[PDB]
Amino acid sequence: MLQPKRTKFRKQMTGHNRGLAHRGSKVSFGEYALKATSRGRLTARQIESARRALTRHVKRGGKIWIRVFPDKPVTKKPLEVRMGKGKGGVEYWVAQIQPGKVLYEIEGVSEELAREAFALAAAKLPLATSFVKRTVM
Amino acid sequence: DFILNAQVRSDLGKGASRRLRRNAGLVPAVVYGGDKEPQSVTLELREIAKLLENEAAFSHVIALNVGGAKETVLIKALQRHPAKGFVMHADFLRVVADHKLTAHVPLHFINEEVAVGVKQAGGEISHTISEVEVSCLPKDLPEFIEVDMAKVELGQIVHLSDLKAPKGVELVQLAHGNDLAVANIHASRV
Amino acid sequence: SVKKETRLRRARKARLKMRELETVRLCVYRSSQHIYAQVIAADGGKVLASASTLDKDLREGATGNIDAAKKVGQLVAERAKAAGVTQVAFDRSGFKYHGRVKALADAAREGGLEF
Amino acid sequence: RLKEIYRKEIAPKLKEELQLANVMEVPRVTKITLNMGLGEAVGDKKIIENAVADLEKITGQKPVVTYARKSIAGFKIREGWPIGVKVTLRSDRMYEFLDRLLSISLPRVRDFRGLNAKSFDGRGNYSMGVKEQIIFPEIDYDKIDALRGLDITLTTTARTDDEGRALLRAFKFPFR
Amino acid sequence: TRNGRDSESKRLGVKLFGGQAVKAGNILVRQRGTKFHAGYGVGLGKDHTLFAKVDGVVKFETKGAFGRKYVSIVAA
Amino acid sequence: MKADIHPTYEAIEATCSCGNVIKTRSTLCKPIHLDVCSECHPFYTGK
RNA sequence: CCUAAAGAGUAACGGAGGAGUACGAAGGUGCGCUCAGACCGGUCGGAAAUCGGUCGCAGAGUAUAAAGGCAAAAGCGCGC
RNA sequence: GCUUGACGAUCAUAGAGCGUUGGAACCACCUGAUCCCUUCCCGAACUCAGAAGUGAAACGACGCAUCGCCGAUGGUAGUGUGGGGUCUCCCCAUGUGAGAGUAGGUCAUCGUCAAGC
Ligand SMILES: [Mg+2]
Ligand SMILES: [Mg+2]
Ligand SMILES: [Mg+2]
Ligand SMILES: [Mg+2]
Ligand SMILES: [Mg+2]
Ligand SMILES: [Mg+2]
Ligand SMILES: [Mg+2]
Ligand SMILES: [Mg+2]
Ligand SMILES: [Mg+2]
Ligand SMILES: [Mg+2]
Ligand SMILES: [Mg+2]
Ligand SMILES: [Mg+2]
Ligand SMILES: [Mg+2]
Ligand SMILES: [Mg+2]
Ligand SMILES: [Mg+2]
Ligand SMILES: [Mg+2]
Ligand SMILES: [Mg+2]
Ligand SMILES: [Mg+2]
Ligand SMILES: [Zn+2]
């Protein structure tokens, strides 16, 4: 799917997901966007599932941008294994999402077609979304 | 048309500004520029949101009415809630007859359907940008800068230097030796 | 130019040592036509005594040689005494301690002030 | 030799030939450095003592031998052992070296229509090579080893290469 | 796991802050390298330890080119 | 100029077979004869 | 070095790496000097050898990991 | 007060870049390498003896905001204490309050000494 070509370190701490998205919250490339209104986490197979559904619906023209990149590795512990014995191995890559972040953008289509193409995408994502339009400020 | 009502603000801070947006439905603001000191004001959220539905809100002169004294300003910046999208703060720039000022002016693309690159080669018009930043005198600030794409073929790129501007208007970015793409014609996605 | 710029870089270590020790200094300047000597108090701020070839009894015409540097050296030592100073440190200001600079220093030693 | 020659007509003529308002900024040549980078002696180290002796004859100043500044395994060398030698010429030696190379040996090289004007950098210095070490009249033909590629480099006080070329219009430079 | 190693802590940092009264020989800073430089009345150890050579008060001033941080002793 | 390390330098005697003579200094200490010189070369005059 | 919560300290079969040496000069001192890289020009080398010039200023270097330092260079060379 | 040199205070609001200008003195370039001294070669640099030429190069002075560097007011983020919620995150009362950006500034300001007015 999507993941870094190479990274400095294999593993990472869990951390916390706090705050609003004051950066990456504007429509910068296209004319309409899908924007997160709740916080959460996107697992790079939901991003691919939602990209096919969006692109398969337009099927005639239109440019699409993906503004999210999953760069945080998460580990899992195999089943029937006790606590301890070192950290688990990396299983999938994921992205942190704060309220207000733009996920996908599109242009070159009508407002009515984009609005129903973004509805198909939002049905694959585990977080609340909204439809927004580009503004001067 | 372009008129806004404001009241002087005197209780400043984070706690006071949060009470404005819950209890009273107001919006904190500030007016600076000219040769005068800045001034904190308040204005209704419903009034500012209604004026901003207009297209040329940021490229037109606005008559501000603080108390009873009127003054000429221009929307310079605007803070929005990242999630809900409503306006939380606004700052205005005082307008003086002889003083160059910087504004953001939207672009208008016309005759897209009759473009050479579209009807002949089946290309698609892509808008790389949608507004440009200009500097000029207040008396000749344009509401929108015109760009046409009739004589554009497949693969041709439109730059800042190509488009013409009203007399007395400077493109700023072109002045700093950096012309940026505006639009192009490219081959179809599928 | 590079010629002067590299000399000031060459003279910084000795000057910074004297500020640390807070000792009186005897600074020398040498040009193609004259030579200079100054006694600077403890921190580069004030000049106590001075002597050069521009005094109105040495402006005779030949000031860019060795013996001209000898007369100023034995003249700056006299002026240092009037200021009640001895026990200074010689600062060559990046010039090599070989020629006109050396002849200047020997006159000061004979003049009475001791390094 | 060529000292007085430069200041009798070459310097006075170039003053008003480019229409100068002052006299020092007329181009003059400061130094000539020979250099000859011995690609061989990678491991043998048997031509340095031979390259030192021959290069002495052309000039008469004891040469200095240069060392590798890096490793670069592609040439199977590394820093520490020398790869080439060089000499620097100034004032009288480099003038008298010029005329001897100008025409005592340069006409009798082999085949040459002249010295091209394309061997100029962007500032006004000239560089040109020499394909055989025996070309000069200071050495023999039999007691000398095989071909060695001696070089010539010129350095002038020219702002740009055109008046550097103009200065080299004098000195009887075979420029085509 | 092949990671379980670490070294003992070295207890570095500032030992006397600005305004404090000092005596000759007092250690002022424990360092790696010179985050702070020796000013007036301050010496430097072979492991870059700043120590007092006079009696007075710590100063902690930034001055000169290079934007260096200096520690010096002044009159109380 | 460093001494004892620079070998003998002199004015020699140069004489081209065409009668051309230029007194230039070199390091041979003997007269030399030239078959060709600047006054008799095809490239210097357009041959 | 991170965890370690802007003084110190701080655990886990937590996340990452090194050591069990070297040097009689690789120590002391006086004197002197600045790198990597790029471009142009130049015999066999040609993107990369040595040479000339301009820019560059530390993107080099530091016996040995990483961190903190380095123009009075703590980097480089020579005499004693 | 005016100009030039030496040494400092202060380390970009003081820097870079562009243009103009300075030889009366000073400074710089300059001539030569006998003599002290020097180059792992070269009087290039260090040094010695002055002085015929020039302000070209360098340096200084004066202009310009183009780049750099400074930079508010207001708002926002975070946060100590007390209290709430729908409690992986927030809200209220009270105290505190950035970074970024915006309007806009900047072609420095001083001290001692010596030579000429
Ligand atoms: Mg955890
Ligand atoms: Mg606030
Ligand atoms: Mg609060
Ligand atoms: Mg030193
Ligand atoms: Mg530790
Ligand atoms: Mg010690
Ligand atoms: Mg701590
Ligand atoms: Mg802590
Ligand atoms: Mg600890
Ligand atoms: Mg414990
Ligand atoms: Mg060492
Ligand atoms: Mg390091
Ligand atoms: Mg040594
Ligand atoms: Mg603020
Ligand atoms: Mg609390
Ligand atoms: Mg604040
Ligand atoms: Mg700020
Ligand atoms: Mg800033
Ligand atoms: Zn002949």
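Residues numbered from 1 in each chain as written, not as in the entry; some residues may be left out. Chains lettered and ligands numbered in written order. Part of a larger assembly, values for the part shown. Heavy atoms only, no water. Residues with missing side-chain atoms left out of burial classes, pairs and counts.

Method-wise, the PDB entry is recorded as coming from cryo-EM, at a reported resolution of 2.6 Å.

**Student:** Describe the overall build of chain B, and please don't skip the residues or the numbers.
**Tutor:** For chain B, the count of helices and strands is three helices and 14 strands. In terms of overall size, chain B is more extended than a compact globule, its C-alpha atoms giving a radius of gyration of 20 Å where 190 residues would be expected to give roughly 16 Å. Projected onto its principal axes, the C-alpha positions of chain B cover 60 × 40 × 30 Å. For chain B, the proportion of its 190 residues judged to be buried stands at 42%. The contacts of chain B with a sequence gap of at least 6 include a subset with a gap of at least 24, amounting to 65%. As presented, chain B carries roughly 10,600 Å² of accessible surface, and 51% of it is formed by carbon and sulfur atoms. On chain B, the mean spot of the 21 positive side-chain charges and the mean spot of the 24 negative ones are 9 Å from each other. (Helix = DSSP H or I, 4+ residues; strand = E, 2+ residues; numbered from the N terminus. Rg over C-alpha atoms; globule rule 2.2 N^0.38 Å. Buried < 20%, exposed > 50% of the residue type's maximum accessible area, 1.4 Å probe, protein only. Contact = heavy atoms within 4.5 Å. Areas by Shrake-Rupley, 256 points an atom, 1.4 Å probe, with all protein chains shown as cover. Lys, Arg positive; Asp, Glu negative; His and termini not counted. Charge placed at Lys NZ, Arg CZ, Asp CG, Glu CD.)

**Student:** I'd love a proper account of the protein's contact with RNA strand G, names of residues and values included.
**Tutor:** Taken together, 62 residues sit near RNA strand G, with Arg9(C), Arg69(D), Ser127(D), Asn3(E) and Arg32(E) positioned nearest. One of the side-chain nitrogen or oxygen atoms of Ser9(E) is found 2.8 Å away from a phosphate oxygen of RNA strand G. When residues of the surface near RNA strand G are traced back to their parent elements, those giving at least two are α1 (2–10) and α2 (12–21) of chain C together with β1 (29–33), β2 (36–37), β3 (64–67), β4 (82–86), β6 (127–129) and β7 (151–156) of chain D. For the surface near RNA strand G, the leading source of residues is α2(C), giving five residues. Each residue belonging to the surface near RNA strand G can be placed in one class, and the counts come to twelve nonpolar, 23 polar and 27 charged. (Near = heavy atom within 4 Å. Polar contact = N/O pair within 3.5 Å; in protein donor to acceptor, adjacent residues only side chain to side chain. Nonpolar A, V, L, I, M, F, W, Y, C, P; charged D, E, K, R; others polar.)

**Student:** Could you give an account of the environment of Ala62(C), naming the residues involved and the relevant values?
**Tutor:** With respect to the secondary-structure elements, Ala62(C) resides in the loop between β3 (47–52) and α3 (66–82). The partly exposed category is assigned to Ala62(C), whose relative accessible area is 38%.

**Student:** Requested: an account of the interface of chain F and chain D, with residues and values cited.
**Tutor:** Contact residues are listed per partner, giving 18 residues for chain F and 20 residues for chain D. Top contributing element to the side of chain F that touches chain D by residue count: helix α1 (residues 42–45) of chain F, with three residues.

**Student:** Before we move on, can you summarise the nonpolar core with the specific residues and values?
**Tutor:** Ranked by internal contacts, the top residues of the largest apolar core, which has 40 residues, are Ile32(D), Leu34(D), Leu55(D), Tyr126(D) and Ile152(D). Those elements that place two or more of their residues in this core are α1 (2–17), β1, α2 (48–59), α3 (92–105), β7 and α4 (161–169) of chain D. Apart from residues lying up to four places away in sequence, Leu55(D) is in contact with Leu34(D), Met36(D), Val85(D), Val87(D) and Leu150(D). Within the second largest apolar cluster, 26 residues are counted, among which are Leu74(B), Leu101(B), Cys136(B) and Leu163(B). (Core = buried A, V, L, I, M, F, W, Y, C linked by side-chain atoms within 4.5 Å.)

**Student:** Report on the protein's contact with RNA strand H, specifying residues and quantitative values.
**Tutor:** Around RNA strand H, a shell composed of 75 residues is seen, among which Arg30(C), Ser31(C), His98(C), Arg100(C) and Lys3(D) lie nearest. Within the side chain of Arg15(C), one N or O atom sits 3.0 Å away from a phosphate oxygen of RNA strand H. Among the elements that line the surface near RNA strand H, the one with the most residues is helix α1 (residues 14–24) of chain B, at six residues. Within the surface near RNA strand H, the residues separate by chemical class into 19 nonpolar, 29 polar and 27 charged.

**Student:** Explain the sheet that holds strand β9 (residues 124–127) of chain B to me, using residue names and the numbers behind them.
**Tutor:** Residue and element names in this part refer to chain B. Spatial strand order, β9-β14-β12: three strands in an open sheet with antiparallel pairing. The strands lining the two open edges of the sheet, one partner per strand, are β9 and β12 (157–159). Each strand of the sheet is rotated relative to its neighbour by a mean of 15 degrees, with strand direction disregarded. The pairing of β9 with strand β14 (residues 181–186) spans four bridges and is antiparallel. The residue of β14 that forms the bridge with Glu124 is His186. (Pairing = 2+ DSSP bridges. Axes fitted to C-alpha atoms, helices over the stretch in contact; angles between N-to-C directions.)

**Student:** How would you summarise the pattern of salt bridges if you had to cite specific residues and measurements?
**Tutor:** By the definition in use, this model includes 19 salt bridges over all chains. Between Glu13(F) and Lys23(F) there is a salt bridge, with the nearest N and O atoms lying 3.9 Å from each other. Placement of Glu13(F) in strand β1 (residues 13–16) and of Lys23(F) in the loop between β1 and β2 (31–34) is noted, with a sequence separation of ten residues between them. Looking at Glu13(F), the relative accessible area reads 46%, which means it is partly exposed. Connected through shared salt-bridge partners, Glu31(A), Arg134(A) and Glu131(B) make up one network. (Salt bridge = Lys/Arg side-chain N within 4 Å of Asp/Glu carboxyl O.)

**Student:** Provide a residue-level description of the pairing of strand β8 (residues 101–110) of chain B, including the pertinent values.
**Tutor:** All names here are of chain B. Direction of pairing for β8 relative to strand β10 (residues 131–136): antiparallel, over a ladder of six bridges. Each residue of the ladder has a partner; that of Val105, found in β10, is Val132. Across four bridges, the pairing between β8 and strand β11 (residues 145–148) is parallel. Paired with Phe109 across the strands is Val147, a residue of β11.

**Student:** Account for the side chain of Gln46(A), with residues named and values stated.
**Tutor:** All names here are of chain A. Relative to the assigned elements, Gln46 resides in helix α1 (residues 46–58). Among the polar contacts made by the side chain of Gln46, one reaches the main-chain amide nitrogen of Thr43 at a distance of 3.2 Å. Excluding its chain neighbours within four sequence positions, the residues that come into contact with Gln46 are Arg41, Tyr104, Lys124, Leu125 and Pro126.

**Student:** Kindly report on α1(D), identifying the contributing residues and their values.
**Tutor:** Residues and elements named next belong to chain D. The sharpest bend along α1 reaches about 35 degrees and sits at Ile10, with the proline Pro12 one to four residues further on. Within α1 the residues assigned to the buried category are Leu2, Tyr6, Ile10, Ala11 and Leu14. For α1, the secondary structure elements touched by its buried residues are α3 and α4. (Bend = angle between axes of the 7 residues up to and from the residue.)

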